[PDB]
Peer 1: 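I am attaching a structure below and will ask some questions about it afterwards.
Lettering of chains follows the sequences in order, A, B, ..., and the numbering in each one begins at 1. The figures here come from the full heavy-atom set of this structure, side chains too, leaving out hydrogens, waters and symmetry mates.
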Amino acid sequence: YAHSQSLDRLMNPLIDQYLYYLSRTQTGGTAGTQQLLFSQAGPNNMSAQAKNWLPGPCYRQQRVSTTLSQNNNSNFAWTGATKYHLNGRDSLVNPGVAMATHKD
Amino acid sequence: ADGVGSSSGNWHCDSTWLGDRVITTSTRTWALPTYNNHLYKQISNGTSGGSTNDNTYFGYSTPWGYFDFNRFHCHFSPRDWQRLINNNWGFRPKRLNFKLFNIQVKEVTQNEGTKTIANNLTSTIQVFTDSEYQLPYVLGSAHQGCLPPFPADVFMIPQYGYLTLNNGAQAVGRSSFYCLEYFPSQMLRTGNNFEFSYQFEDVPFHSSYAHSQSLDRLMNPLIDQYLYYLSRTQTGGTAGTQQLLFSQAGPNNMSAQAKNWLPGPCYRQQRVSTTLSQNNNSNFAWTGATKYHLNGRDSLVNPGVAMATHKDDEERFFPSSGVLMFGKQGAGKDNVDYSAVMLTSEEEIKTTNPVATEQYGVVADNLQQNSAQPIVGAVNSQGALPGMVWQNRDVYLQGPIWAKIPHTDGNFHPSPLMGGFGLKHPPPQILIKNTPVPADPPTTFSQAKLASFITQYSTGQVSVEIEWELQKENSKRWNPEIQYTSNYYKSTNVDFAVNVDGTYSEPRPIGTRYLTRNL
Amino acid sequence: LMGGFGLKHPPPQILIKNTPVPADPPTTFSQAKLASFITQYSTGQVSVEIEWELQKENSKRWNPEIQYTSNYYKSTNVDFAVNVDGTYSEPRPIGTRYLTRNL
């Protein structure tokens, strides 16, 4: 199955949170002075809401394109590869920890 | 016996303390508006209009409302919360009981600025609980609309809505739509009432206590270790030559002793001071924020993994997004000054938990040789290592009780990051709606759906009862422990009471960690 | 000190209230508590019944004792009765101490 939701979107889109976050650390203007201002994150700002969960672990890897002209001109297959090192040997992480192939 | 002129329930609000458990029941009066004119509507936000990619969404808003009691102040009073936190090492919810009763449905008529409200005795409301967890679960998101903390406050039921997959403001093939009338629900008139029971799955006690020791101090201070460490790599003098010298670490050097355990994991965050002049002059709120990146979107980690707010003798510093923040009564939504917010503090866990702002530690960055001086780098984010121990984030009188553990192949330590109890099968969502009553139809047939309805709302009483299991405090400590106390000195208002104008306020956050234990 | 019977567990307080019925809410959610209610009052009947124990008068006194008496002489109104306008009044305090005993 695939999920019909994403971790960052689990919220109710119609309702504000009763919690707060640090929205602004400086006054707006020509010469600003430091301040602490706080806001409740609602549907307008979803990225700033409080959340109970985190995405899964990652071990980062190098991005290859199927359109050739977009890839660097060099042989980066082994050299730019993501590897792990065990008793002096380097071995490719194939496939590795589960991570999304690509974004939208 | 269901009828117009007989009540379908009674007002049950109080707590009872029996042995190892406490039962807190509470009753409130609610009002339910018609939402969306009895319509489902899709809602979305794209990048067009100056909005950020991070804030894009796609979803639906429903005519249904929902009951949510996810905050502790719903169930506990401030006196009951004090009995809990001062006398107990831990607690967990055992079971739940819910009721709707004494339901009035009323119609509103307006003409010439005159506004008439009357009973509609034949109208219904619809109520169902999602027992099989077949709907998007919005409760664990810490929204507004919970039962008030003060029993005499009448509250409005929040509108239900959900989000699904999107690309920008657009839906994708996997994004799903839910009609809540495609569920069996119970229909109630004024004489009818609604009830169900729920039992919590087994969950670890929340730990209400602080440690009276720290990981690095677990040793016997009077005795040396039989083990050794590398004390000195060079002879002392004008021109030193390399050597290996070893020492046994005793009380004199505690930092160098061998240890069995490691502090909990960290994800580092930025340090903000309450004294303004100490903070950088810039707006670093979003830019210098600690974030995670999911499908091209960046989202703040709020609060994140549990880490100590600050170290010793610095109470002015707090992690930027790394702590819960409550507003004082009457605080606005947007850009509110530091004076109206109430910041919590996790410092009780600085025994096992790295401080949120500071690094986890340092590790070697290179291989050493006589031509290469050692280099040691800082570890800002650390995943789980064998030998780690940590404390979960504290729970607060006004904070969230539970969350739904997402349904996934794997998770790690599935305790909610805002606080409370992670639950695979949490208390179900309770959805309520006013059944639409149409106005007179045209008297000649038309296929179009009827858009003309009688304006109605409904009111009633909601009662919720939770049984909590208690973990008694076995401590053999000699000296008296810290307790939560009301200030003895005089004041214009009583804390946790109504003022002259009649509004109830909570003056401060009350955490649960007061009594102490040994590691 | 005002009089009567001191009681450690006296008759309990009986508290009554009209349950608030709010007017129509805004149709868009607001966290603020609802300040708009339907104006209501309630009426009804209250009945109270007390059983009193009596201590009878055993006195062997020969001469007649003082009693509480209504005045025989004519008046515009009856004592402890309504007047022309219909209002009830109590004309005097009536204590309970009339019969006599020996120390």
Side-chain angles (χ1 to χ4, degrees), chain B residues 1 3-11 13 27 29 102 104 106-109 112-121 151-154 190-191 459-461 494 497-503, chain C residues 1-24 34-103:
Chain B
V4 176
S6 63
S7 67
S8 60
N10 285 335
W11 185 273
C13 185
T27 304
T29 297
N102 288 337
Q104 298 94 3
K106 289 184 168 70
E107 57 185 339
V108 182
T109 299
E112 190 267 336
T114 300
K115 181 170 174 286
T116 300
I117 295 171
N119 292 131
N120 191 337
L121 296 175
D153 291 347
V154 177
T190 58
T459 64
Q461 283 84 9
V494 170
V498 297
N499 59 25
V500 169
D501 290 342
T503 183
Chain C
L1 291 177
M2 290 188 280
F5 301 95
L7 299 174
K8 288 182 177 297
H9 304 291
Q13 287 177 326
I14 302 163
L15 300 174
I16 185 169
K17 186 180 69 66
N18 297 133
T19 300
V21 177
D24 53 347
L34 298 175
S36 179
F37 298 97
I38 291 171
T39 299
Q40 290 181 336
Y41 70 96
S42 61
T43 64
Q45 283 84 9
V46 58
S47 178
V48 62
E49 182 184 4
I50 297 177
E51 181 179 359
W52 299 88
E53 185 178 2
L54 303 176
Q55 187 176 356
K56 294 297 181 66
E57 170 270 339
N58 194 29
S59 173
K60 205 66 183 293
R61 168 174 176 164
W62 181 260
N63 52 334
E65 283 172 342
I66 295 171
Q67 302 292 94
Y68 177 79
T69 304
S70 296
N71 289 334
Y72 174 77
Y73 178 74
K74 63 184 176 182
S75 62
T76 63
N77 293 285
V78 170
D79 288 344
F80 296 91
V82 297
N83 59 25
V84 169
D85 289 342
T87 183
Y88 175 80
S89 67
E90 294 176 348
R92 64 185 58 81
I94 299 171
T96 198
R97 292 192 167 105
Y98 289 91
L99 305 180
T100 57
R101 302 183 68 172
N102 298 131
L103 284 173

Peer 1: Can you name the closest pair of heavy atoms from B:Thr459 and C:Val21 and give their distance?
Peer 2: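 So the two residues come closest at OG1-CG1, 4.4 Å.
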
Peer 1: Do any N or O atoms from the side chain of C:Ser75 and from the backbone of C:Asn77 form a donor-acceptor pair under 3.5 angstrom?
Peer 2: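 Yes; judged by distance alone, with no hydrogens or angles, the pair exists.
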
Peer 1: Looking only at atom types and distance, does a side-chain atom of C:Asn71 sit under 3.5 Å from a main-chain N or O of C:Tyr73, one as donor and one as acceptor?
Peer 2: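 Checked: no pair found.
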
Peer 1: Under 4.5 Å between any side-chain heavy atoms of B:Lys106 and C:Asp24, yes or no?
Peer 2: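 Answer no - side chains too far apart.
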
Peer 1: Check the angle between the aromatic planes of C:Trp52 and C:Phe5 and answer parallel, tilted or perpendicular using the 30° and 60° thresholds.
Peer 2: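 Rings of C:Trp52 and C:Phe5: tilted, as their planes differ by 30° to 60°.
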
Peer 1: Indicate the atoms forming the closest heavy-atom contact of C:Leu34 with C:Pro22, along with that distance.
Peer 2: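 Taking C:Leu34 first and C:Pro22 second, the nearest heavy atoms are CD1-CB, 4.2 Å.
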
Peer 1: Please name all residues satisfying side-chain contact (heavy atoms from CB on, under 4.5 Å) with C:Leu99, sequence neighbours left out, ordered by chain then number.
Peer 2: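 For C:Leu99 the side-chain contact (heavy atoms from CB on, under 4.5 Å) partners, ignoring immediate neighbours, are C:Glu57, C:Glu65, C:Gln67.
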
Peer 1: Between B:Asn119, B:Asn120, B:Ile117, which is the residue that forms a side chain to side chain contact (heavy atoms under 4.5 Å, CB included) with B:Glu107?
Peer 2: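 Per the side chain to side chain contact (heavy atoms under 4.5 Å, CB included) rule, the option paired with B:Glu107 is B:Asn120, out of B:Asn119, B:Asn120, B:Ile117.
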
Peer 1: Please say whether more than 12 non-hydrogen atoms of neighbouring residues, nucleotides or ligands are located less than 6.0 Å from CD1 in C:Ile66.
Peer 2: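 Incorrect, the count does not exceed 12.
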
Peer 1: Shortest non-hydrogen contact from C:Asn18 to C:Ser42?
Peer 2: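 Shortest heavy-atom contact: ND2-OG, 2.7 Å.
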
Peer 1: Minimum heavy-atom separation for B:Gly9 to B:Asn102, with atom names?
Peer 2: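 In this case the closest contact between B:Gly9 and B:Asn102 is O-ND2, 3.2 Å.
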
Peer 1: Around C:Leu7, counting heavy atoms of other residues, nucleotides and ligands shown, do more than 12 lie under 6.0 Å from its CG?
Peer 2: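 Yes, CG of C:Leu7 has more than 12 neighbouring heavy atoms, counting only those of other groups under 6.0 Å.
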
Peer 1: Once rounded to the nearest 0.5 Å, what's the spacing between atom OG1 of B:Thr29 and atom CH2 of B:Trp11?
Peer 2: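 It is 4.5 Å, given to the nearest 0.5 Å.
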
Peer 1: Looking at every non-hydrogen atom in both residues, tell me the closest pair between C:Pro91 and C:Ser89 and how far apart they are.
Peer 2: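 That closest heavy-atom pairing would be CD-O, 3.7 Å.
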
Peer 1: Does a sphere of radius 6.0 Å around CG in C:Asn58 hold more than 12 heavy atoms from other residues, nucleotides or ligands, not counting ones at 6.0 Å or beyond?
Peer 2: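 No, because the 6.0 Å sphere around CG of C:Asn58 holds 12 heavy atoms or fewer from other groups.
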
Peer 1: Considering only residues two or more places apart or on different chains, which pairs with a residue in residues 90-103 of chain C satisfy salt bridge (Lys or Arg N to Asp or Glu O under 4.0 Å)?
Peer 2: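 Qualifying pairs, neighbours excluded: C:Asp79-C:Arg92.
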
Peer 1: Between B:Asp501 and B:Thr503, is there a donor-acceptor pair closer than 3.5 Å when you use the side chain of the first and the backbone of the second?
Peer 2: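 Here the side-chain-to-backbone pair does not exist.
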
Peer 1: To check you understand the geometry: which heavy-atom pair defines the closest contact between C:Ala23 and B:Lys115, and what is its length?
Peer 2: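 Smallest interatomic distance, heavy atoms only, reads CB-NZ, 4.3 Å.
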
